[PDB]
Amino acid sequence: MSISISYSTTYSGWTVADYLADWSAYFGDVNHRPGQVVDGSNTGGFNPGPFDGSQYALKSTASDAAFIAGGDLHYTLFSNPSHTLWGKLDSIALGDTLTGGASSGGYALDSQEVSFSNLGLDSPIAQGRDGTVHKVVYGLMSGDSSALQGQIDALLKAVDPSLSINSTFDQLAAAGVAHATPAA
C-alpha cells in the first residue's frame, strides 16, 4: 500500500508544505553539529538504543516540539562514514511533548499534530550523509523540512498526479490517503 497520513482537524485547510514549513520554524534548529553536541540536551534518543532502534525521537531545545522517526534506524557515531543516520524510515510523527523512551517500551507524543507513514525509505550505510533517510531526519533536527517535503511529494504523485505537498489535508483525505484525527 501507499503513504498514509494522520492529521489533526486544526490543519484541515492547510497544505502539507505550509504545515511542514511552519512546523520546521516552530521546532527550529537544535544545533546538532560538530563542536555543538557536548551533552545529551540536543542528541535525541533511540528505542531501544544506544545507537540503533525501531524509533529515533528528538525534542526541540527551542520549544515543546518533538518528532519520532519510526523504522529500523542506525547511527554510525564515530565509525566511517561518521555521524550517519541510516536504515529504514517508515514513519515520521510530528507534534508536542515527547514521552517515554527505551526504559518504558517506546516513545510517544502527548499531542501528535501530524504523522506520515509507509514512507518506504531505505538508505544504506555506504551513502553516508548523502542518504535520503539521513537528510530527511537531519532536516527535521536542523529546522529545514524540505527533504521530507520532497519525499512526501514523490509518494503523493505516485498515488495520483493531482496530489502534491500543495494539496490540503482534507483534499488528501478525499483522495483516501489521509484521515482526520477522531479526537481532533
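In case it trips you up, residue 1 is the first one in the sequence shown, and so on. So that the term is clear: the rigid core is the largest set of C-alpha atoms that superpose within 1.5 Å between two forms.
- Where the structures in 6 other deposited structures of this protein are fitted on the rigid core, 96 to 104 is the one of 96 to 104 and 77 to 85 whose C-alphas sit farther from the shown form on average.
- With 123 to 131 and 40 to 48 as candidates, the stretch whose CA atoms show the greater average offset from this form in 6 other deposited structures of this protein after a core fit is 40 to 48.
- Between the stretches 103 to 111 and 84 to 92, it is 103 to 111 that shows the larger average CA temperature factor.
- As recorded in the PDB entry, 30 to 38 is the stretch of 30 to 38 and 48 to 56 with the greater mean C-alpha temperature factor.
- Of the candidates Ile68, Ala126, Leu148, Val133, the deposited coordinates give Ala126 the top C-alpha B factor.
- Sort the modelled residues of the chain by CA B factor and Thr76 lands in the lowest third.
- Sorting the modelled residues of the chain by their CA temperature factor places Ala154 in the middle third.
- The PDB entry assigns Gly139 a C-alpha temperature factor belonging to the lowest third of its chain's modelled residues.
- When the modelled residues of the chain are ordered by C-alpha B-factor, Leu121 sits in the middle third.
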